[PDB]
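Here is the structure we will look at, set down as C-alpha cells.
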Amino acid sequence: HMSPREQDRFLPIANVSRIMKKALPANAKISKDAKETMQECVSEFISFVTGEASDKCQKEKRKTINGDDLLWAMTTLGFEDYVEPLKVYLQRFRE
Amino acid sequence: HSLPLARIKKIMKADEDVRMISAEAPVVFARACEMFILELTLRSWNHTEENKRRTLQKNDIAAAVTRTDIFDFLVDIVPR
C-alpha cells in the first residue's frame with residue numbers, strides 16, 4: 001500500500017509504531033508486518049465503532065455523530081474499560 | 001498523545017452513512033485508538049514472551065485476537 005490514496009485509509013505507520021513501543025519493554029522490537037497489521041486493526045476499530053455510533057444517531061434522527069454517541073457505541077461493543085477514562089475526558093469539553 | 005485528527009475523520013467518513021462529525025468526536029477517538037493499540041500490543045506481547053522470542057510478529061497479533069472476545073471483530077482481517 002504505497003499510494004497516497006491507499007495510505008489515507010490508515011493512521012501513519014510512524015504514529016502507530018511510537019504508540020506500540022510505549023506498551024513494550026525498552027528491549028522489545030516489532031517486525032514490519034506487525035506494524036502494518038496493527039495499522040489495519042486500528043482502521044477496522046474506527047469503522048466498527050463508527051458504524052454503531054452512526055446507527056444510534058440515525059435512529060434518533062440526528063445528523064451529527066458526537067462524543068456521547070462514540071462512547072455509547074464503545075459500551076455497546078464491549079469496550080467498557082476505555083469508557084471510564086474517556087468519560088472524564090469528554091466531560092472536560094462540556095464543562 | 002498525537003494521532004492526527006484529520007486522518008481520523010477521513011476514516012470515519014469513509015462510511016457513506018456518516019454525515020457530520022462533532023468537534024470533539026475525533027479528539028475522543030484519538031484517545032480511544034491509543035488505548036486500543038496499547039492493549040492489543042501488550043496482549044500480543046505476552047504471546048511473544050511465551051514463545052520465548054523477542055520480535056513481535058504478525059502471528060503474535062493473530063493469536064491475541066483469538067484469545068480476547070473484544071477483539072473478535074478482527075478475525076475477518078487477521079486470521080490465525
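Residue numbering restarts at 1 for every chain, and letters A, B, ... go by the order of the sequence lines. Basis for what follows: all heavy atoms, side chains included, without hydrogens, waters or symmetry-related copies.
With a threshold of 4.5 angstrom between heavy atoms, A32(B) approaches chain A through its backbone and through its side chain. In this structure, chain B has a heavy atom under 4.5 Å from the side chain of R94(A), while its backbone stays farther away. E24(B) touches chain A through its side chain: at least one heavy atom from C-beta onward sits under 4.5 Å away, while N, CA, C and O do not. For a residue to count as touching a neighbouring chain, one of its non-hydrogen atoms must lie under 4.5 Å from one of that chain's; by this rule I70(B) touches chain A with backbone and side chain alike. Heavy atoms closer than 4.5 Å to chain B are found in the side chain of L86(A), but not in its backbone. Residue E36(A) does not touch chain B at all, counting heavy-atom pairs closer than 4.5 Å. Contacts of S43(A) with chain B are made by both backbone and side-chain atoms, with heavy-atom separations under 4.5 Å. With a 4.5 angstrom heavy-atom cutoff, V28(B) touches chain A via backbone and side-chain atoms both. When heavy atoms are compared at a cutoff of 4.5 Å, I30(A) approaches chain B by way of both its backbone and its side chain.
Here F10(A) is the residue among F79(A), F93(A), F10(A) with the most heavy-atom pairs under 4.5 Å with chain B. Among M20(B), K10(B), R19(B), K58(B), the residue making the largest number of heavy-atom pairs under 4.5 Å with chain A is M20(B). When each of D8(A), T37(A), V42(A) is checked for heavy-atom pairs under 4.5 Å with chain B, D8(A) comes out on top. For chain B, the option among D55(A), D33(A), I19(A) with the highest count of heavy-atom pairs below 4.5 Å is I19(A). Each of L42(B), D15(B), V18(B) has some count of heavy-atom pairs under 4.5 Å with chain A, and the biggest count is that of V18(B).
Atom CD1 of residue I46(A) and atom CG of residue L3(B) lie 8.5 Å apart, to the nearest 0.5 angstrom. Annotation: the span from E34(B) atom CD to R18(A) atom CZ amounts to 10.0 Å, rounded to 0.5 Å. In this structure, NZ in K22(A) is found 8.5 Å from CG in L38(B), a value given to the nearest 0.5 Å. In this structure, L74(B) CG and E40(A) CD are separated by 10.0 Å, a value rounded to the nearest 0.5 Å. Atoms CE and OG, from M20(A) and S44(B) in turn, are 7.0 Å apart once rounded to the nearest 0.5 Å. Going from atom OG1 of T55(B) over to atom NZ of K32(A) covers 12.5 Å, rounded to the nearest 0.5 Å.
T64(A) places no side-chain N or O within 3.5 Å of a backbone atom of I21(B) that could act as its donor or acceptor partner. With hydrogens and angles disregarded, no donor-acceptor distance shorter than 3.5 Å links the side chain of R54(B) to the backbone of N27(A).
Residues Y82(A) and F36(B) share a closest heavy-atom pair of OH-CA, 3.6 Å. Residues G67(A) and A25(B) come closest through the heavy atom pair N-CB, 4.1 Å. Of all heavy-atom pairs spanning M35(B) and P85(A), the tightest one is SD-CG, 4.3 Å.
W72(A) and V49(A) end up in different hydrophobic clusters when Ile, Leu, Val, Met, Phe, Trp and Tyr side chains are linked at under 4.5 Å. Cluster annotation: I37(B) is not connected to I13(A) through the hydrophobic network of ILVMFWY side chains, with a link wherever side-chain heavy atoms come within less than 4.5 Å.
For the pair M12(B) and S54(A), the minimum side-chain heavy-atom distance is 4.5 Å or more. Side-chain atoms of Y89(A) and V27(B), non-hydrogen and from C-beta on, do get closer than 4.5 Å to each other. Using a 4.5 Å cut-off on side-chain heavy atoms (C-beta onward), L11(A) and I11(B) make contact. Side-chain contact check for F29(B) versus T50(A): some heavy-atom pair is nearer than 4.5 Å.
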Start with the C-alpha distance between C41(A) and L40(B), add both sets of side-chain angles, then the distance that settles side chain to side chain contact (heavy atoms under 4.5 Å, CB included), and finish with yes or no.
CA-CA 9 Å; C41(A) 295; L40(B) 177 56; 4.0 Å; yes
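Dense packing is recorded around CD of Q91(A), with more than 12 heavy atoms of other residues, nucleotides or ligands lying under 6.0 Å away. The number of heavy atoms from other shown groups lying within 6.0 Å of CD (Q7(A)) is above 12.
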